[PDB]
């Protein structure tokens, strides 16, 4: 496993990790921007003959050295532009990409905006609606935000509380700092930026969409409807919002099998 940093001319100094040799697979974090959530799965995926790259997101975790514009008023299109910049810097010319949540919005924006660069995209639980209870956290003090959101993650959406806790002290210390950055920068601007206003733009694209099997139906009901309208492959992963944390082996297998499916079609 390579663990290193790289600076892109948009002002971001990224923390990134890479393992393996073969076709490129890129794992984009969810909104919390913390790539140690992929630790187990990176090794499992790489062992099947892929070069796997992941990174902390701008302003989050070890990628905190970044201009304010990269972690405020954040949109899918902004994040896609940042991910392309690190792929450029790492000389990754063609990639399979995974993303959940804001990361899902990001990888759909990548596929649509950079079709020559993206082999296929896997998106999971893509937020398309403003949720006032999340948006309203942006006006609380930092410690309040961290307390509230740490609880929501553990108890409401982790899909596996033991696995979530087992991320460890250092990871949760980084997440503690990320929660206010995410709250102030993401929930009011990510959902309106969802690249799903044109179902016909999605039709025929190499997109595989998932929702968590245990997620309440309401939460990403809209994803299932939109994917089906567009004729996009739509299915389920175990758990809820963090399948790479709750079920890392199943997650790794899904990423490998999906990449292999598109390498055959390619």
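Positions refer to the first chain, counted from 1.
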Higher-scoring stretch by recorded Cα B factor average, 138 to 146 or 174 to 182: 138 to 146
Comparing mean C-alpha B factor in the record for 43 to 51 and 234 to 242, the higher one is 43 to 51
Among 69, 208, 218, 34 - the residue whose C-alpha B-factor is largest in the record: 69
When the entry's CA B-factors for 74, 92, 104, 194 are compared, the highest one belongs to 92
Residue 124 by Cα B-factor - lowest, middle or highest third of the modelled chain: lowest
Taking the chain's C-alpha temperature factors as the reference, tell me which third residue 167 falls into: lowest, middle or highest. highest
Within this chain's modelled residues, let me know which third the CA B factor of residue 224 belongs to: lowest, middle or highest. lowest
Based on the deposited C-alpha B factors for this chain, I'd like to know if residue 189 is in the lowest, middle or highest third. middle
Going by the CA temperature factor in the PDB record, which third of the chain does residue 96 belong to: lowest, middle or highest? lowest
